[PDB]
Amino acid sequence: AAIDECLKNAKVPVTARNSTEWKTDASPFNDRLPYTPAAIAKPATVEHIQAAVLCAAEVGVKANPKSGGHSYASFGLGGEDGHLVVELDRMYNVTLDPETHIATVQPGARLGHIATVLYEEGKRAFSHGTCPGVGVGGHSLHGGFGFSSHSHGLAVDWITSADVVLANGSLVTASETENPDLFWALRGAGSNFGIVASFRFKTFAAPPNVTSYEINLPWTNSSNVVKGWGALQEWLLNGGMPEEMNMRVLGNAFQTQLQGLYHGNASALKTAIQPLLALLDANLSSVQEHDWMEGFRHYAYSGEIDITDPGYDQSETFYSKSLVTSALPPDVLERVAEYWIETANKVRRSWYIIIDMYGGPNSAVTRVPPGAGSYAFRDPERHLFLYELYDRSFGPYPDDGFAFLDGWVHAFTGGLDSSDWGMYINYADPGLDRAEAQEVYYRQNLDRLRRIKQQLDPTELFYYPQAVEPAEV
């Protein structure tokens, strides 16, 4: 078709429709949502990215970058059939300056590879998610929370500059001192404004030791959930969690536990965690000291860490939702707990809920001031918890299944003003219509995002079904 001929004339490498590699390059992370691209560009340099974008614009098709392909909604494929997919995973080089400790990271680099290179070359790191196969592109442009985030912030907070290919093929560099409006927009909503062709990240010196631990929670009835969660949020909100401590609740039908990573040794951990244990009347278990990379591996749930193979094909079948909330009033705790015990525990699929200890007085995430970037959730009191709700099937996903997580989220949002909750596009939820998605993902920053979208991509070349809409001018 026209897009294929345009790419050929422009000397852009592609994955041909009738090739083995099409299957891999086109594949979703979420097997519930396959889409068939119009074509797949396979750039090895920024020039190819420019040429691919220009071809999309000239021919009249939509285009989307795909970095790691982990979008829960397959938005790296366009979120619908018939987009040019700019597959970035042949571009995964990571370079670390020995002097400034700034890393230059190609946009197809996955987190495991990044972590490995930074650590092996200079004992450096930046703050990012668990899951070594996750692409740096989608992850860092919309937040990126992990087991260093209470200590060191979101992946987006370590971005120091970026080179971007705009919808008309122009090149720009964005930083605090250059195209600062674009730099603001990128840092929370980056999928909407261009294709990032190179990232520069600051780093911190990796701690020599980290200690993983677990605290099993007796959340077997609604009363225990309410009381335990009520104590836990009160503790976090009141400054109970030290900067070195990074933690979450993981819940499923069969166990609930706190899981943490303490940036320090086991004895430091025991001392630091004692007050919470006394508050919750629980005990520590599975206390394990690690070197930095062993710490990453512990929560990676992956044999492969340093992943660079374009054959990468990890996938699951699922529905997922997210939330960001303040502390919850007890009546909301009660409804959420009732749903957990009476509904979630009886759902005959592999579901889980993660509640990250996200905000509060000591969190590096919510220390970032409210004007620093488009990412919306920076208030230390109002943005206390981050949630991932995940509903996985091993056969095909049942078409009536969505009511489960939808109902659970309603138990939260019913009792919270819209100013006290939002949602997180790194757990992209295609159940949300376009208007609602923009509002819940970006909240108070939507209006400015829409203005910058009109300035930078007025034709919506980078469209997907939950993309920011250009402001009307």
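Numbers for residues come from their place in the sequence shown, where the first is 1.
Colleague: Between 49 to 57 and 421 to 429, point out the one with the higher average CA B-factor as the PDB entry records it.
Modeller: Mean CA B-factor is higher for 49 to 57.
Colleague: Going by the mean C-alpha B-factor recorded in the entry, which is higher: 439 to 447 or 22 to 30?
Modeller: Higher of the two, by average CA B-factor, is 22 to 30.
Colleague: Can you tell me which of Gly153, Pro180, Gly135, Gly188 has the maximum CA B-factor listed in the PDB entry?
Modeller: Each of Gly153, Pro180, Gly135, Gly188 was compared by C-alpha B-factor; the highest is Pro180.
Colleague: Between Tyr319, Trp292, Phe75, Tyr352, which carries the biggest CA temperature factor in the record?
Modeller: The listed residue with the largest C-alpha B-factor is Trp292.
Colleague: Where does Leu323 sit by CA temperature factor within its chain: lowest, middle or highest third?
Modeller: Lowest third - that is where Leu323 ends up once the chain's C-alpha B-factors are sorted.
Colleague: How does the C-alpha B factor of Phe201 compare with the rest of the chain: lowest, middle or highest third?
Modeller: Within its chain, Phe201 is a middle-third residue by C-alpha B-factor, going by the deposited values.
Colleague: Quick check for you: using the entry's CA B-factors within this chain, is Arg348 in the lowest, middle or highest third?
Modeller: Answer is middle: the recorded C-alpha B-factor places it there.
Colleague: Ranked by Cα temperature factor within the chain, is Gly108 in the lowest third, the middle third or the highest third?
Modeller: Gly108: CA B-factor falls in the middle third of its chain.
Colleague: Relative to the other modelled residues of the same chain, rank the CA B-factor of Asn93 and answer lowest, middle or highest third.
Modeller: Highest third of the chain for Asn93's C-alpha B-factor.
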